[PDB]
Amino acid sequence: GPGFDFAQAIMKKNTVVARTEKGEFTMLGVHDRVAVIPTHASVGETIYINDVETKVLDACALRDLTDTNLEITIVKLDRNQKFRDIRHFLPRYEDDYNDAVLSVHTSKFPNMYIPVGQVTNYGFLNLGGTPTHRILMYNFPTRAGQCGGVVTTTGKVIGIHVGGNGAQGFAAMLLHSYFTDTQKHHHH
């Protein structure tokens, strides 16, 4: 059955509530002071983290080599606590998965777990009228309030929730190589 225990360990040590001008989003902390949030949250130069105003030291809105939205934004945050390093739980490659859990951590739902079943590497989605790539799909009627929600199977953190149509839900993939310590590069 679904890996509830794994989902809970991730939620407990690696999520915070983030709030931007667009509202609240579950936020996954990946390592150090680096976390993720859906690009459509519109992160600015400060953000609320568990209701504490926090400087956004860096925000990278990921796009692929076709210059298409991946709907993941990586943020670096000015705060004292380091996130437990969970990069070894990120998949190396695109993939399909079984029996996934979607976990939410907001003010309305400080801790909630939803078995969404099979998750398929879906690819392209015209999300909200923005072309988007590398989407995961699950047949579950996901709702507003669930964006940023963490999609896991046992031992893997596979994506964050970004969208739905009333019958399916959509997550943006997380891949290991998004977070490897890397390259000297002017990015803004």
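The first residue of the shown sequence is 1; numbering continues from there.
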Query raised in the report: Which is higher on average in the deposited entry, the C-alpha temperature factors of 132-140 or of 156-164?
Result: 132-140
Report summary line: Higher of the two mean Cα B-factors (175-183, 9-17; per PDB record) comes from 175-183
Report summary line: From the entry's CA B-factor values, the highest among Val30, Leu57, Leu125, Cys147 is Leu125
Requested in this report: Going by the recorded CA B-factors, say which third of the chain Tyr93 sits in, lowest, middle or highest.
Outcome: lowest
Requested in this report: Pull the Cα B-factor of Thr73 out of the PDB entry and bin it into the chain's lowest, middle or highest third.
Outcome: lowest
Report task. Taking the chain's C-alpha temperature factors as the reference, tell me which third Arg84 falls into: lowest, middle or highest. Result -> middle
Query raised in the report: By its CA B factor, does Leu62 count among the lowest, middle or highest third of the modelled residues in the chain?
Result: lowest
Query raised in the report: Relative to the other modelled residues in the chain, which third contains the C-alpha temperature factor of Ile47: lowest, middle or highest?
Result: middle
